[PDB]
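Down below is the structure, laid out as structure tokens.
Cβ placement follows ideal geometry from the backbone for every residue including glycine, while neighbour counts extend to all protein chains displayed. Read the figures in this text as sums done on the coordinates, not as results from a lab.
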Amino acid sequence: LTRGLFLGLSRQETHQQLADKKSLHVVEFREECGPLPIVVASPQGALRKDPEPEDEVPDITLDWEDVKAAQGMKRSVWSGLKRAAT
Amino acid sequence: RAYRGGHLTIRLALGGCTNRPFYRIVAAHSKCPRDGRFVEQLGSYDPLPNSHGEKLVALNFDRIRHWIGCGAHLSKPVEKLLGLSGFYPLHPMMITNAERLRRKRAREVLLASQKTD
Amino acid sequence: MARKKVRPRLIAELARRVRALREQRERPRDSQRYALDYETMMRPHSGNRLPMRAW
Amino acid sequence: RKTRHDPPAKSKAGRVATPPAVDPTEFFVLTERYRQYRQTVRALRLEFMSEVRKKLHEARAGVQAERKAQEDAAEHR
Amino acid sequence: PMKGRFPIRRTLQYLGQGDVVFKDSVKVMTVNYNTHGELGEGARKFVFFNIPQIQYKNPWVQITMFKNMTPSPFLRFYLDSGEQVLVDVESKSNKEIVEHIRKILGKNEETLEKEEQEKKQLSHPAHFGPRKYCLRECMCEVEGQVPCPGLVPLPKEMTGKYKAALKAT
Amino acid sequence: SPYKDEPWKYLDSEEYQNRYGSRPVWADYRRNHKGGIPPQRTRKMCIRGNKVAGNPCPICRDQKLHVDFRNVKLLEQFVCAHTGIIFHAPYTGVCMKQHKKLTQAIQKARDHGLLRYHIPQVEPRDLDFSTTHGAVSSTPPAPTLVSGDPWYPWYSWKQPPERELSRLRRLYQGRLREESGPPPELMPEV
Amino acid sequence: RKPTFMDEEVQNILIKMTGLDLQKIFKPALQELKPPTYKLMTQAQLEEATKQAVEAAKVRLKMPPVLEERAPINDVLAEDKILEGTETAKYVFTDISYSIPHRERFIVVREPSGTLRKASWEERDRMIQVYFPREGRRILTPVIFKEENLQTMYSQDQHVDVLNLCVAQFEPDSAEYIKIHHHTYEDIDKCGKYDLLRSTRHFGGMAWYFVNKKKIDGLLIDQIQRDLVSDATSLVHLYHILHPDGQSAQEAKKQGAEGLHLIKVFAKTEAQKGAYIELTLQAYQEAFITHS
Amino acid sequence: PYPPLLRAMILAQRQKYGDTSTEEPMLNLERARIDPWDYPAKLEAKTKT
RNA sequence: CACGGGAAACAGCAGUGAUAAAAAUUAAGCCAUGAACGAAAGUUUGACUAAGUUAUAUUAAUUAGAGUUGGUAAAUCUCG
RNA sequence: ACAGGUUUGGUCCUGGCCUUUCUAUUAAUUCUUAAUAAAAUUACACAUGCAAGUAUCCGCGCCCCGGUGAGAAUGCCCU
Ligand SMILES: [Mg+2]
Ligand SMILES: [Mg+2]
Ligand SMILES: [Mg+2]
Ligand SMILES: [Mg+2]
Ligand SMILES: [Mg+2]
Ligand SMILES: [Mg+2]
Ligand SMILES: [Mg+2]
Ligand SMILES: [Mg+2]
Ligand SMILES: [Mg+2]
Ligand SMILES: [Mg+2]
Ligand SMILES: [Mg+2]
Ligand SMILES: [Mg+2]
Ligand SMILES: [Mg+2]
Ligand SMILES: [Mg+2]
Ligand SMILES: [Mg+2]
Ligand SMILES: [Mg+2]
Ligand SMILES: [Mg+2]
Ligand SMILES: [Zn+2]
Ligand SMILES: [Zn+2]
């Protein structure tokens, strides 16, 4: 558990690394701040004039758990339980 | 459920809590239970005077007269209420009971002045 | 409604016809029907007692 | 409540209803009130019946219903 | 959901978000396509992607596929009048087929918005009853009124026991 | 407690700053329970009369803490900073009595503007505002009203013809009741 | 043809004066938070998103209607003297039908006195809230609108919140809507706090109120100390539109005054404090010309 | 007369549509005629039309 | 199923035997709602209203007792 | 599920069982007062009382309400 954990946290990709490898502006949309486009990262070096190819339907691996969560099929009496502070 | 007969009726369904009554004005079949199934809810009547000294009655007048327009019979307190609103003429018994009350007040006034002596 | 195994109740029809027949045959003459006891104010046929205001 | 085939009580057997004492004046005034009232309410009810007639026929065979029909058929072709 | 090639399309969200709503004339849609050729491509993609979306919002419309019957891909719509719409889809993209079909027999956003507007006037804010159908149950819960006695026990006088115990004596 | 009328004072005191530091009041307190998951509601009340029960809450172990609508420094701790929602009692570890007390107090303080919360942007209630319509604007009073007459003729008590009263006296005879005259115009009090 | 709040001239002047601050317009809100979303954009797409957010902020900036006070409703629909001593309380009959506009609903009251009369304004609104609830409205009027609570909220400079609270709670033509809006304007005037309402949808409210009450002083001083003189001259201009015949408007017609000189004209002819205005205009002019 | 509220409703309603006539709205009782209870009812079954 | 036949019916309110780990009043009113009948005053209604009973559950205070203390899992000392 | 205990001399894996949460009945031990809610072993047998009448006669009502879950995969939704 801890080896796997530290590996997974070490493998993190910073917004800056992403910005730099795609050469694009990575822009965050808060739900509480509405449509306002906060720019988190900018690609130091030369920005692209090429837009990202738009995929109508994306191909991503999905976990049946997250999907079951989103659609409210998780009824577990253990999940919603109130616990003490962090 | 299927019945033999009976009519469309606008009445008072008793919603409520012990010593605290409330009424849902309701378009119902006549033979189904009081608080039970209904065709449509019309309005609501709060018997108890609130903070401002008010009994609140809400009436959906469009649908009320749609249903009376379909030949729905009114209950006596429904009648009394519509007449109190001025949507209907005052029910004769409102007026008659008003008179009976006035005469009771008169005879109690005289009895008061007779007992004082 | 319709379920494929539904049973054919015969005696429903029989009771219907038989009751209609025994209704028409035993149908009371209105002579005995509205017949009245004037002392008790009581119909013999219906066992009904008449209204006071009608006495 | 009781049933058609449920026999009536032994105590309720020899009893029939006793009508109230009639105050002639007030009674008469009342009868008039009710006739007037019921006449009025009858007129109102017929008013409302007419209303329902109108609204139903207009929402069925009326102007914009026909407009909808023709326009939709047109767009279709 | 894990299994499948494009698992996202088995998601409730993806199915909901596909927008085509047939007119009430449409009963049957028949897709006839090919499993080979470069031209038939878009048609295949259509069958693979939007057919599920479509059918989800048009639950009562029969949809049927036929593979490698005709040398060319096409749609056929069967209406209530007996009218047969034949839509040739050949070198057309997936999206183009969808937009073209939505064009022919769709429902204008006006139509749909009016429909949902009629469905949203069905629940009336002023009524009282079950939490399922109504915003409120008692009128105990409306601010200025008298409270549910199971929250705030009533003054002795408004109690029927006190009134009866008074009329008795 | 000496503070009383001025609760906020204690939160600015040096003994408070000494004891709790800059962390919340409840941050160090831990709830003892039978298993991995705590009971879904905390203990009811931790002080019964003179007896203070076991390991007491954050709030009720320190008596100089006062729950009012007034001291916003105390109440702040029991509201989320970012989400502006009140924590449930298990989260903090307060006893049920005091959790309810806190909820009510925070309510009164938000109603007195002493505590910040989200006030959303709403449109006007009406689309078009016109006092024109006959509902809001005065109507041209009926010919019955301008005179001072009952809205319908039969609202007023009218004495019946004597032949009709005698006919009724013949119908209901022996079942009869004392005839009643006109109603008194206005009704007097006791 | 007396100038109104909704006149395109007044609207454009006040939209201009308000200003778009996308950071104050769109601010983190105390509602429940969900994890942020990320997308990869060109400079182009970023510009597009920015402009859309701007339009949304325009919609956000839409002004609350200012109406003069409504006239008290007294109308008696009937009197039945027969019903005089029958009830201790009053019956309130609200027409609830979903199609009817809320200005057009029939709210009637049977009194104990027997008179069938129309409901007053407060009872009418209270009843509409009861039967057609919309969020933000307490049926009983909130404690926060007492003078003590309002003063406390002013001390914490919550004025924008006070105005939103009043907007949702009361009605634009009501007595308390106007009472509170005006009292608030009065305090932002007393304290020189105007910048609080700057990018707010609430700016043109105090704008119009200050033009109609003829105190432009603190707002001009403020606008010029913020180094915005285009807004100060748009403001004097607005003063001239809403006071067409007056010594400053006529003298600005005469002198053919350019914007800065228009502010000088108004400084001279009308404004209660000309010393502060001319000194601040002096300072701004000299300092700005020397710096740039 | 119309009952007071119903009357007011009619008035406001025609006022909305630009009808200025102040002519009093009147309830027509012609078909509101009812027989007294003494009037004998027909025992003959109704022919449905 | 109900012509017929067993046979003599509380699965209306109260009750009672039997049975089960399983235990509400053989109670008061039609005053309010609803229903029936009446042209109507009105009458009837164990529906229902208001009460009686019971820690079954919430809540409020006047009210202190139960369980547990090797680990999971909060908490122990001396004897037998 | 935010999980935890338990296989072995020991580790890892696989894999059950149990613990921790919530509700309802019953039982045991304890029990001061109110209010509200709810009242539930039994389609076995039932003493007694009451539960449908109104109305100038005709008539109109009289498992409608109320009861129960025995039966039937019965059925939900929709024509
Ligand atoms: Mg109850
Ligand atoms: Mg009879
Ligand atoms: Mg029983
Ligand atoms: Mg029975
Ligand atoms: Mg027994
Ligand atoms: Mg016992
Ligand atoms: Mg009754
Ligand atoms: Mg009665
Ligand atoms: Mg009784
Ligand atoms: Mg208990
Ligand atoms: Mg395990
Ligand atoms: Mg092993
Ligand atoms: Mg071992
Ligand atoms: Mg027990
Ligand atoms: Mg029990
Ligand atoms: Mg049932
Ligand atoms: Mg079977
Ligand atoms: Zn309640
Ligand atoms: Zn505590």
What angle do you read, to the nearest 10 degrees and between 0 and 90, between the alpha-carbon axis of helix B:76-85 and the longest principal axis of chain B?
70 degrees
Rounded to 10°, Cα long-axis angle of helix C:11-25 versus longest principal axis of chain C:
30 degrees
Across bins of 10 angstrom width beginning at 0, how are the C-alpha pair distances of chain B distributed, in whole percent?
12, 33, 29, 15, 8, 3, 0
Kindly put A:81, E:79 in sequence by how many other C-beta atoms sit within 10 Å of each C-beta, fewest to most.
A:81, E:79
Disulfide-incompatible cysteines by the Cβ rule (no partner under 4.7 Å) in chain E
E:134
If you take the charge dipole of the protein assembly as shown about its Cα centre, with +1 on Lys and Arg Cβ and -1 on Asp and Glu Cβ, which of F:168, E:85, G:149 is farthest toward its positive end?
F:168
Quick check on chain A: what does the Kirkwood estimate of hydrodynamic radius come out to from the alpha carbon pairs, in Å?
17.4 Å
Using the Karplus curve 6.51 cos²θ - 1.76 cosθ + 1.60 with θ = phi - 60°, work out ³J(HN,Hα) for each residue of the range H:18-26 in order, rounded to whole Hz, and write x for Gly and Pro.
x, 8, 8, 4, 8, 4, 4, x, 10
FRET efficiency (residue F:132, residue G:89; Cβ distance; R0 30 Å; to 0.05) is 0.40
Just to check I understand the Karplus step: with θ = phi - 60° and J = 6.51 cos²θ - 1.76 cosθ + 1.60, what whole-Hz values come out for the range G:101-112, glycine and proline as x?
x, 6, 7, 9, 6, 9, 10, 10, 9, 7, 8, x
Expressed as a whole number, the average count of other chain Cβ atoms within 10 Å around the Cβ atoms of A:22-29 is 5
How do F:15, F:164 rank when sorted from fewest to most other Cβ atoms within 10 Å of their own Cβ?
F:15, F:164
Post the alpha-carbon centroid distance, chain C to the range F:3-52, in whole angstrom.
81 Å
Output the antiparallel fraction of DSSP beta bridges having both residues in chain B, as a percent to the nearest 5.
90 percent
Average Cα contact separation per residue, chain E, under 8 Å, 6 or more apart, as relative contact order %
20 percent
Distance in nm between label sites at residue G:247 and residue H:46, each 7 Å beyond Cα in the beta-carbon direction?
8.8 nm
Simple spin-label estimate for residue B:70/residue G:7, 7 Å along Cα→Cβ, in nm, reads 5.4 nm
Of G:2/H:16; E:23/G:34; B:31/E:114, which pairs sit farther than 30 Å apart, going by alpha carbon to alpha carbon?
E:23/G:34; B:31/E:114
Classify chain F as rounded, prolate or oblate, taking a ≥ b ≥ c as the square roots of the eigenvalues of its Cα gyration tensor: rounded when a/c is under 1.5, otherwise prolate if a/b is larger than b/c and oblate if not.
prolate
Report the local net charge at residue G:115: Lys and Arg +1, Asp and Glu -1, summed over other residues whose C-beta lies under 11 Å from its C-beta.
0
Note down the relative contact order for chain G as a percent, whole number, built from C-alpha pairs under 8 angstrom at least six residues apart.
19 percent
Taking Cα atoms, how many degrees apart are the long axis of helix E:41-57 and the longest axis of chain E, rounded to 10 and kept between 0 and 90?
20 degrees
Report the label-to-label distance for residue D:49 and residue F:50 in nanometres (one decimal), using points 7 Å from each Cα along the Cα→Cβ vector.
8.3 nm
Can you compute the FRET efficiency between residue G:51 and residue A:85 using 1/(1 + (r/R0)^6), with r the Cβ-Cβ distance and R0 = 35 Å? Round to the nearest 0.05.
0.20
With only helices counted (DSSP H, runs n ≥ 4, each -39500 (n - 2.57)), the per-residue ellipticity at 222 nm for the protein assembly as shown, to the nearest 500, works out to -12000 deg cm²/dmol
Suppose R0 equals 56 Å. What FRET efficiency, 1/(1 + (r/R0)^6) with r the Cβ-Cβ distance, do residue A:47 and residue F:62 give to the nearest 0.05?
0.45
The range G:266-292 scanned against label point 7 Å out from residue G:227 along Cα→C-beta; backbone N under 20 Å for G:277-292
For the range A:49-86 and the range B:26-78, what is the separation of their Cα centres, given in Å?
48 Å
Kindly put E:139, H:26, D:49, G:153 in sequence by how many other C-beta atoms sit within 10 Å of each C-beta, fewest to most.
H:26, D:49, G:153, E:139
Using square roots of five times the C-alpha gyration tensor eigenvalues, list the equivalent-ellipsoid semi-axes of the protein assembly as shown in whole Å, biggest first.
64, 46, 38
How high is the relative contact order of chain F, given as a whole-number percent (alpha carbon pairs under 8 Å, six or more residues apart)?
18 percent
What's the magnitude of the charge dipole for chain B around its Cα centre, counting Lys and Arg as +1 and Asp and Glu as -1 at the beta-carbon? Answer in Debye, nearest 20.
420 debye
What do you get for trypsin sites (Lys or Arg not before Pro) in the range D:2-75 restricted to DSSP loop and a cutoff of at most 16 other Cβ within 10 Å of the site's Cβ?
D:2, D:4, D:10, D:12, D:15
Under 37 °C and 0.692 mPa s, how fast does the range G:247-292 diffuse according to Stokes-Einstein, given a Kirkwood radius computed over C-alpha pairs? Answer in µm²/s, whole number.
296 µm²/s
By the C-alpha gyration tensor axes a ≥ b ≥ c (rounded if a/c is under 1.5, else prolate when a/b exceeds b/c, else oblate), the shape of chain D is oblate
Equivalent-ellipsoid semi-axes of chain E, from the Cα gyration tensor, Å, largest first
60, 18, 13
